[PDB]
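A.B. asks: Experimental structure and sequence below, a few questions after.
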Amino acid sequence: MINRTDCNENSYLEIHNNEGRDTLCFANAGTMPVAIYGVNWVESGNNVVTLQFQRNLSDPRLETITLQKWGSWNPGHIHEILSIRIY
């Protein structure tokens, strides 16, 4: 039940990789597999959402990150996003 939204409000998750090149606003607790490479920062309005991405491609280095209300993520260009889970 997850779909790519252009953020029609100010309280959702938004991942902008490629150095703020392509942003993806997700909504609804829906949970689907996504692919986001080069993660610079992620948004997390007043909603708890889990982000599933693989740190390294060659290795199955799976990493989980939970964004709290109004939480954001600023790693430094992530390989690619695996899936996205919303609570």
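C.D. replies: Great, that's in hand. Numbering: from 1, shown residues only.
A.B. asks: Please list all residues in contact with the residue most central in space within the chain.
C.D. replies: With distances taken as Cα atoms, centre = their mean, residue 15 lies nearest the centre of the chain, 4.7 Å away. Residues in contact with residue 15 (Cβ atoms under 8 Å, 6 or more residues apart in numbering) are 23, 24, 26, 36, 39, 41, 42, 43, 51, 73, 81. Bear in mind the C-beta positions are built from the backbone N, C-alpha and C, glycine included.
A.B. asks: and the fourth one, that one's in a helix?
C.D. replies: It refers to residue 36. No - secondary structure assignment places residue 36 outside any helix; it is coil (DSSP: H, G, I helix; E, B strand; the rest coil).
A.B. asks: Would you check that it makes contact with residue 24?
C.D. replies: Yes - using Cβ atoms under 8 Å, residue 36 and residue 24 qualify as a contacting pair, with a distance of 6.8 Å.
A.B. asks: Let's verify residue 19: helix, strand, or coil?
C.D. replies: Going by three-state DSSP: residue 19 is helix.
A.B. asks: Would you enumerate the residues in contact with the spatially closest residue to it that is not a sequence neighbour?
C.D. replies: Closest residue to residue 19 apart from its sequence neighbours, by Cβ to Cβ, 6 or more residues apart in numbering: residue 40 at 5.7 Å. When contacts are counted by Cβ under 8 Å, 6+ apart, residue 40 touches 16, 17, 18, 19, 20, 74, 75, 76, 77, 78.
A.B. asks: Quick check: the gap between residue 27 and residue 15.
C.D. replies: As judged by Cβ to Cβ, to the nearest Å, residue 27 and residue 15 stand 13 Å apart.
A.B. asks: what number of residues lie near residue 84?
C.D. replies: 22 (other Cβ atoms under 10 Å).
A.B. asks: Fine, thanks again, bye for now.
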